[PDB]
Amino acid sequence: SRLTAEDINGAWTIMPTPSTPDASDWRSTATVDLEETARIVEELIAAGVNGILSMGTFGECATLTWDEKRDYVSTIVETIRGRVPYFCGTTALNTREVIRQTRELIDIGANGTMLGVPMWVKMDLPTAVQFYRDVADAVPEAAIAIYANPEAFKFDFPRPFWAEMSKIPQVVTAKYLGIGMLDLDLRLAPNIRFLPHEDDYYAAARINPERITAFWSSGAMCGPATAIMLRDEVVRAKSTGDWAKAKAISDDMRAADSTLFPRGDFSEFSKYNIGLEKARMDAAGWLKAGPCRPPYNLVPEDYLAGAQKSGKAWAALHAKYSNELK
């Protein structure tokens, strides 16, 4: 009954935490738009998404209050009613707090936690390994998705880390970034379903068609048809050997993303991860992500425009692929 790596296939969409209009103000106390939360979930299920992730960086795990988090997760779990797997996010400044939060949110009904590492003090390899072992020991029923983001969490999630995570049965998946070492990490970590970012799924699926069956998406929050079409066409390509349509969709996605990162730079992107993702979603018009909670509520205008252009581009793909789905 605890999720397994084998159960993780297809399109895994990361949803934001919708905010109320006053959410940028430090005086506000209940800034989660719970009805927009429910609406997003039902829409994602209806689109055919395989699983839902949440409460990473752009999902504002860092900036929600604890009451906000419990209300958000409660609404998601009530809406899903067990139809698709759901991961909350419980990254925090220390092990004991992560355990506390993970227990409560799993109890409310999440299947797992998408989890980075404590980042006030930069972790080394043995520290990070111990940290995930501790969480899995404390909350054995929780599945774990490693949130392998070095910009946010400082630690760089190196090859030997993956070898160690593959020994922890609760660690079933990873929100993975660049795929330069995917070939080796798959070999080191046979028990983990590695999720590339949607734009890299095409390449990664070609490297290892047996293992690479799933990906994570934030572009889906601008309209999920694109990600659904990618998933479907890659399944087809694996069967027929004809990768041309999968390549065409993947190239479209890359172009849609081409203006997102300020000056092409993930490090500059990472300073504005929240505002840029939420602005992109706002601009696409598929969902209302809303204002960013403090302190990350200021984004330079030219960067915002890049994100908004990207949101329009993904909306255009959603309309194109909605028709191709029929």
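Start at 1 and count along the sequence shown; that's the residue number.
In this crystal structure, the stretch out of 11-19 and 314-322 whose C-alpha atoms carry the higher mean B factor is 314-322. The stretch with the higher mean CA B factor, choosing between 94-102 and 234-242, is 234-242. Annotation for 184, 142, 205, 253: 142 ranks highest, by Cα B-factor.
Ranking 175, 81, 122, 193 by Cα temperature factor from the entry places 81 first.
Annotation for residue 257: CA B-factor lies in the middle third of the chain's modelled residues. Annotation for residue 55: CA B-factor lies in the lowest third of the chain's modelled residues. The deposited CA B-factor of residue 74 belongs to the highest third of values across its chain. Placement of the Cα temperature factor of residue 166 within the chain: highest third of the modelled residues, per the deposited record. Among all modelled residues in this chain, the alpha-carbon of residue 151 has a temperature factor (C-alpha) in the middle third.
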